[PDB]
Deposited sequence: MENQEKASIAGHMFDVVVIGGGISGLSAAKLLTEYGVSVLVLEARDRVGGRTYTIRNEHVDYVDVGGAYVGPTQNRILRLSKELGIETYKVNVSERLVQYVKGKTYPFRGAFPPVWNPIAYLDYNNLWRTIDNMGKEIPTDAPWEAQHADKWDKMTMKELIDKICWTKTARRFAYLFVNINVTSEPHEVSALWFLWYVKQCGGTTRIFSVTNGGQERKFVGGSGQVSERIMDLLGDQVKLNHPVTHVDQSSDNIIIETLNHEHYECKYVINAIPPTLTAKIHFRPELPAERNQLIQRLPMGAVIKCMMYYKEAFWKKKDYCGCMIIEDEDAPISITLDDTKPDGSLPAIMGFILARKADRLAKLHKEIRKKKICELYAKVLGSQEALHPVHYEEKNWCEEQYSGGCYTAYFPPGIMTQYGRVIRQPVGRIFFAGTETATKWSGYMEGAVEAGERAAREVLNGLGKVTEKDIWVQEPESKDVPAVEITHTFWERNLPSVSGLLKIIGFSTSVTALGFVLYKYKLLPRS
């Protein structure tokens, strides 16, 4: 009933921290509100699908921490199929293996250039200290996207891309924020890897194993069905309180739930206003994740690796990967219904999306078989109580530089982790682990077992999944823009 350090929440994060404090031999205790551990990663396990993930799914080069961690728990990885052509759906026509207009294409590549080149000036660790932090944060992704682009086409492309990447609509998010986000993932090419093929990987057996495996290492030290609702940090013995009125006592809390639900807690004494805001004012993105299963892998039969970037207003699925199991079994297709459409289509009955979707995929892969699915799993994170959304927190304009600077500041004995508070790959599981270990080492450092300078450990690049530093073609760097080519006439 009494402990060294509590961790509130049992996602990849609060768990990464629990294991690490354990490593050192500190009494840990992890209260998670759900029946399960795993949070935004969640592995529905049923005889129709064997395993299938419904949240955190894809790992990739430079995401060493999670790769490291998962490997150690005894979890293997595998490559996501992209051998065959990539479908492009627009104007109601299909294009295989695709990113045709020049001045568009200028606008295209110059956009994505200006995004990276623009990002160079952003301090991953304190993005609100970029040079133009005040001007970009006041701006919106759309405004900027608009400024950068002259073609619709590419301006459009920009859009789902914001959508695809932070499950949110452009007009909603900071300019600065997006920029810093695509940055701290290592910038366009990392974030949206694979143009005529590349590297996404899934954990074999579903990534919910990462969390589960740890819950073993801890065993009874993880209490489930335990929402935390008060954290009276007053006297030298912290008193945490839960929903069911089960108290606990400790010397270090660690908040590991995300910032909205953090916001939901009663801390006595109050978190200081500066942050108390920042917590209220971050929202979570919008996504439905959608498994279509098939008997036959048909889309392969047709010469599509089973992946389509679909850019048409009514289509429900925005983006698609293949989700066939590693060993050829259970052919499938994994889509994303997201952002604004995710709010639009979540009001619907399961069996009505399932149709809508199928009839899209139908007219895209051009194969009637699409009309005849065999199973359909979906998960709607809009409608998660203990997550608010997927993938992450996101930043509405001006918030970043107004309160942003807190995000992760330790208050009292209540340190803060969770993929929000990450620095590298923040928003993804990789970032989850980053935060947990960090928070842990803080508590740890406060106990003495770790140094100050010791609290931010670098991350040896997995010898297993080795990231390759990018490459930018001549013309990539040296073609004009529309903005430009005019001053060339002009």
{"item": "Missing stretches, numbered from 1 on the deposited chain sequence and kept in order", "value": "1-11, 111-115, 507-527"}
